[PDB]
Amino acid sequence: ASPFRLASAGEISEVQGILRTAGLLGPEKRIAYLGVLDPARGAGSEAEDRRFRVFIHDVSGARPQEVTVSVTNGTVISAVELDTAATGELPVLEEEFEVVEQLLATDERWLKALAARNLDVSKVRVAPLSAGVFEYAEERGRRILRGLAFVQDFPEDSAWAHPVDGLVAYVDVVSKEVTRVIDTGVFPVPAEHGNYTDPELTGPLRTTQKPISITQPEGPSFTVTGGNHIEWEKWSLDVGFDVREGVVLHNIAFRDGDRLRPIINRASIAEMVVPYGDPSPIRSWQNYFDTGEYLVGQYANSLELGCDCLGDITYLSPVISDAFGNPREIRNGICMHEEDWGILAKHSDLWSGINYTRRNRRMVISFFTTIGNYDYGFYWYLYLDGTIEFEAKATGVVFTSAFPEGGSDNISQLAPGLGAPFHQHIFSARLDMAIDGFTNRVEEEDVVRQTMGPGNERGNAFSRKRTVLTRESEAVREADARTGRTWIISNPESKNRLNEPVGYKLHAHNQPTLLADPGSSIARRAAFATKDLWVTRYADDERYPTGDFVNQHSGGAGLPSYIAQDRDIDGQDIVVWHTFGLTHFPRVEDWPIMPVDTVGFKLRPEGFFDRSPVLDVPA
């Protein structure tokens, strides 16, 4: 039955077949995105209709299309020609990755720039970098990538150690033309290698680590049915996968006694952006929307046992479409396991004589992706006590530049002559809430300090206040760590045994939000990133905080447009969008490969249950 099951090879093949039969997938067409759509609200009672959404690119220069297909019924539901100058370009295609370097290698301007620096063109790697929207009128409606160069001394060399600063190129990847080559002057190309598997750099490998063995002799405590339905320690959910968003959780619910109680209808990382803070014209345009522009799911790693995921691991192997509509498996792309999480609850009582200790555990659902130099792990955690948590783990190799003679206010030094421009990695978690069902509301809760005086003669009292966000125009909120600000999602029509509305409290890390000037291109294209919390009324076409087409798309779409509708969110079907990020001033310790750093958020039950939900956990 499972309408939330993962896409199968057969379903993608059938989408291909339906598109072909309908005249929409001839030899010049390429699929830039393909994913299954979620069931409509209230569709459970009706029969399944598995629908897929497809963005089709045309290599001959014709306009791209957005298409929705019914794989159940073998039909095309809708097909619409896109005007990309207006609504945005399609996501970067796998196959364009090589094109920037290939075109530049026979361009006379590019070759002149390389010859000035005594660089062999065969050794020069060029990254295919998203272009954004700046002052170049000719780029409007054209698929552009920008190119930054890095020297690779030999095939196994880390080119990131050898950035070619002072040089950037712009390329039309459809007409296959180089539009601009900018050379602001030569900088020394940093000479030290950054080869972290070279014994010369690592030194002798440590022989001091003794093994750690994590086993489950009776297997894991979770079950998987229907391919992707998880049941674990009162929790129930479906693990989806999408080529854009990556791992998506559906139908997060908790079995409280005899009742399956919904909590979150859909949880995803709906966008992530990496804005750079270096004003050099060589990099001042760079803002990588890894999710919206590159599609993080499509570059999910195959994860190796005992290396990437340790313990008793159950894998999912999601299937995606290649550029022609053939199915492609990402073998062992999703890890699922439970792990011990220390003490859950403990008390040694002075009067009863009873000593009591219980252990915690969490269910982990993760994937790891690679976008150029960056590698990111996306981890969702469900805990015994009802807590839900997301954690992003950032690693890879830092994006480099030259380090200016005389230093920099916007770049860190990593090695002689080698710099790393300052940047942020900013995520948007889209939480389609369903606290005990769909009738929800959000309150902002602040700690309230009280003045010494009447009613508080010793000046010890403190309190809190809650402010209901009633309409979307009032629902764009900022952090206030000093006042312990959190946000509670509750169901005003579902009360606990103490007659208080059931709820969940979102605890943010209160890291800095987008630092760019509010008048910048990135502040408009990533408006979501300027505020910590947004609440919208649910709509099926409001999927991403940046809109459907982010690549080379100005403001116009996404959260600021959604919120303008000023819809009722006080006891309605709502969606929370939480912005959270890492602000990275690279350190020498990040070079030549960066140790993991983390950011995330959690939600904890807040009067959702009638007492602790973990009293039945055994010793």
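In this text, residue numbers run from 1 along the sequence as written. Throughout, rigid core stands for the largest set of C-alpha atoms superposing within 1.5 Å between the two forms.
Practice task
Figure out for me whether 548-556 or 50-58 is the more displaced stretch in 7 other deposited structures of this protein, taking RMS C-alpha distance from the shown form once the rigid core is superposed.
Solution key: Relative to the shown form, the greater RMS C-alpha distance in 7 other deposited structures of this protein belongs to 548-556.
Exercise for the section: Consider 592-600 and 17-25 separately and indicate which one has Cα atoms farther, on average, from the shown form in 7 other deposited structures of this protein after rigid core alignment. Expected result: So, of the two stretches, the farther one in 7 other deposited structures of this protein is 17-25.
Practice task
Output the stretch having the higher mean C-alpha B factor in the entry; the candidates are 403-411 and 302-310.
Solution key: According to the entry, 302-310 carries the higher average C-alpha B-factor.
Handout entry: 356-364 versus 120-128 - which carries the larger mean C-alpha B factor in the record
Key = Taking the mean C-alpha B-factor of 356-364 and of 120-128, the larger value falls to 120-128.
Exercise for the section: Return the residue from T530, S520, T184, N228 that has the highest Cα B-factor in the entry. Expected result: Going by the entry's C-alpha B-factors, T184 comes out highest.
Handout entry: Residue with highest C-alpha B-factor in the PDB entry, from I488, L382, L103, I269
Key = It is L103.
Handout entry: Chain-wide C-alpha B factor ranking for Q216, given as lowest, middle or highest third
Key = Middle third of the chain for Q216's C-alpha B-factor.
Problem - Relative C-alpha B-factor of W110, binned into the chain's lowest, middle or highest third - result: According to the entry, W110 has a C-alpha B-factor in the chain's highest third.
Problem - Lowest, middle or highest third - CA B-factor, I77 - result: Ranked within chain, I77 CA B lands in the highest tercile.
Practice task
Place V171 in the lowest, middle or highest third of its chain's C-alpha B-factors, as listed in the PDB entry.
Solution key: Its C-alpha B-factor belongs to the highest third of this chain's values.
Exercise for the section: Report the third (lowest, middle or highest) to which the CA temperature factor of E94 belongs, ranking only the modelled residues of the same chain. Expected result: It falls in the top third of the chain.
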